[PDB]
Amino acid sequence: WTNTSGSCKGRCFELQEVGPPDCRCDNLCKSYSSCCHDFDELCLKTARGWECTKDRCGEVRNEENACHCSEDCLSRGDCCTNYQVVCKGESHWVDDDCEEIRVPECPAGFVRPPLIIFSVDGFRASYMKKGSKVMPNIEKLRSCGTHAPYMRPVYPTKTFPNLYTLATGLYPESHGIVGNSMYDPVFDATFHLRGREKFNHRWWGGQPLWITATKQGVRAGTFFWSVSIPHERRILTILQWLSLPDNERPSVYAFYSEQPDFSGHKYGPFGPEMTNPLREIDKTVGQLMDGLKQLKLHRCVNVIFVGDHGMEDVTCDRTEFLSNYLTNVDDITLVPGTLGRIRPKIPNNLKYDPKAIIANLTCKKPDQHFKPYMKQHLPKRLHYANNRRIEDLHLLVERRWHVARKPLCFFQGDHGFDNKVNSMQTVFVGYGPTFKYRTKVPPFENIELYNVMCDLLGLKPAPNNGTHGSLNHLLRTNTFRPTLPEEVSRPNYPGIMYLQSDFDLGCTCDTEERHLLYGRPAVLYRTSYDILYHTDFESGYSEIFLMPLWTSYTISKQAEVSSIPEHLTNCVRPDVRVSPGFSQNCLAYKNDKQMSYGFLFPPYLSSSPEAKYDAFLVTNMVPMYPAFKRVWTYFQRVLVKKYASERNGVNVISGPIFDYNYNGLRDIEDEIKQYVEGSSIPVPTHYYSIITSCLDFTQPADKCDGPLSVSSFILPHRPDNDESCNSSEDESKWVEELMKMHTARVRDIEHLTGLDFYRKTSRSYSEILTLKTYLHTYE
């Protein structure tokens, strides 16, 4: 029971923690029906609106007014934000020239620059192009501070997963808010964006910034605002908190606006009706900045202007219905719209038939505007599988479309799609003493921001998925000095210890400086492996997994592609430096009716026939389904050379990935669940390739003076090409399309392999971290 007879007098929006029996006077009080009886009366005044007018200057204070224009308002901290402009002849902040802020200029008693996070819902990155004609305050923040052209949200590109990712630095699969709506089979309970279940703490994992701050003795303002509280009151409240005594004042603040998302849904992102909401948000930013100027804080505070996701054109006329594909959709529950998650209507309904459902949803219409995936087959870059709240069956929906269960307008916009889709990208601007001045930075992922906010606050971040230091380039100071991980396993460099006669493998056959331009990868786990040198490639061959952890080679732009001769079609040779016992055997391949093999270094790119025979080495071989071979051969034979030509040479590192439990992390031996028939040769779930060149394409890759350029992939190792609806055609019609979908960051590959790349370069470690987080999106 909470005793609501208490009073909020002297208590409005108090930061003090207040539990029942006591009644409350904060933002959460309504959700808990715990407000004091006079909360709305005392704490939510609205009289006279939010702006001083000339006729109010030097009024006697009426405590019934929403804000004040009396002479004493400044000392008390409750002036309307435009008081000085109207009453004292000052200028709005937006009308002042931009001046670099080289160090914080903070009033007496401020020990560090406060951080204010200004989040806007559904703010598409491209809205920024509207510029000062529509958003003069925001344009000033953007042009004078540090901005990215866009910031990449997490999937699904909806509000709750993204706001909580901003707060935690975690992927949804890790923080647990995997959708605006979700079912947890262990709780047997359902979470919705609207309603009370979401208030239960059991849903929310990781450690959000406000808790990190609090635990480390840094005080936070609210990070939740009741929907009933107007934006003007949110801003006034923040400004009032900033006026508090040194011993009460928070260091970090959050503002949230539900616009322009609401209007985007109603009118679509390109609607003329979007101008007004955008003007309104700008006016709010203006109130904040004017208010800060009144407090002499406008050159003291760090401000982050950040969105949760973008907005796409989606109308009623573009809806796929599952009832067109499946016979009884009333027996399933679909989380619908811009994504699909399917489970039986009755939890654990035993007659649920997922393989039959997937088969009926696979490439059944030529223009089909979604694609079904078991979650472990989703592109690894989405990091969307390792959580019990994520249904096994997922539908990745085409941009501009919806998926609905059945047929049984008012909306022209929506979001939720694949987070590399352009329309889903959102905004980032940082302005203030700790950010750079008039600086543009490359796009980056929202998972990175938690570390930076911790930096801006002097906090040590909880473990998260950001790569700390990858955003140091946004900052004038307070950068984090990263340190290189220590290698855990040093390699063996084995010479010949055997003879061809030594092997009974079933086969028949009738540098470091040049091929590892950025140094050899460090192995960050305990294992046993051999460095193997060759004319055309180097590898780290694992004695445990019976194949390379990595194969590294450089291909000049002028490099010549050769065919493989018909007599060498099935040539596999023993490797005299590696024991027969630590080798794969071709008998297993001849014997497995479903699994073939491929090579990490492609024979096609041999320097010479003598060298080409090295490519057929048993230690360059890896297990590949014929379906995958269609992809890999096209990549090895055609694409690698094409990249070399377009990029002026490339350095390639390729290898296997084992992630049977789909947690995005290197499997231990125990976790591997498939082997070549009759053998102990483990089967990769994916194959990766990291392709690097000189950012300045005029320089060849091996002669690169400056920054690097990288693209990487994590290709799923599957027994069929059902994912590619056009795979019956020549590889030139579908393989690249598949590869683009499975683009990846180097950092993703690092998690999955336990390797550390780019350890020997002429660039800073921070620059390299940025490179490792880069994602080539093909948008």
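Counting begins at 1, following the sequence as shown. What we label the rigid core is the largest C-alpha set whose atoms superpose within 1.5 Å from one form to the other.
Chemist: Once the rigid core is matched, which of the two stretches, 325-333 or 544-552, lies farther off on average in 9 other deposited structures of this protein by C-alpha?
Modeler: Stretch with the higher C-alpha RMS distance in 9 other deposited structures of this protein: 325-333.
Chemist: Rigid core superposition, C-alpha RMS per stretch in 9 other deposited structures of this protein: which comes out larger, 663-671 or 341-349?
Modeler: Higher average C-alpha offset in 9 other deposited structures of this protein goes to 341-349.
Chemist: Checking the other PDB entries that cover both flanking residues: does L408 lack coordinates in at least a third?
Modeler: Residue status for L408: gap in at least one third of the other entries.
Chemist: Count, per the entry, the deposited residues between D504 and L505 that are not modelled, and return the matching class: none, 1 to 3, 4 to 9, or 10 or more.
Modeler: Gap size class: none, per the record.
Chemist: From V227 on to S228, does the model leave out none, 1 to 3, 4 to 9, or 10 or more residues of the deposited sequence?
Modeler: Per the record, no deposited residues are absent between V227 and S228.
Chemist: Select between 200-208 and 558-566 the stretch whose C-alpha atoms have the higher average B-factor in the entry.
Modeler: Between 200-208 and 558-566, it is 558-566.
Chemist: If you average the CA temperature factors as listed in the entry, which stretch comes out higher, 486-494 or 130-138?
Modeler: The entry gives the higher C-alpha B-factor average to 486-494.
Chemist: Among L396, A108, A125, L457, which carries the highest Cα B-factor?
Modeler: The C-alpha B-factor peaks, among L396, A108, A125, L457, at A108.
Chemist: Which has the highest CA B-factor per the PDB entry: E280, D705, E391, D188?
Modeler: Most elevated C-alpha B-factor of the set, per the entry: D705.
Chemist: Should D353 be placed in the lowest, middle or highest third of its chain by the C-alpha B factor in the entry?
Modeler: Middle third by C-alpha B-factor.
Chemist: Just say lowest, middle or highest third for the CA B-factor of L771 relative to the other modelled residues in its chain.
Modeler: Tercile = lowest for this residue's CA B-factor.
Chemist: Taking the entry's C-alpha B-factors for this chain, is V576 in the lowest, middle or highest third?
Modeler: Tercile = highest for this residue's CA B-factor.
Chemist: Taking the chain's C-alpha temperature factors as the reference, tell me which third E320 falls into: lowest, middle or highest.
Modeler: CA B-factor rank for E320: lowest third.
Chemist: Please say which third, lowest, middle or highest, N726 falls into when its CA temperature factor is compared across its chain.
Modeler: It belongs to the middle third of the chain when residues are ordered by C-alpha B-factor.
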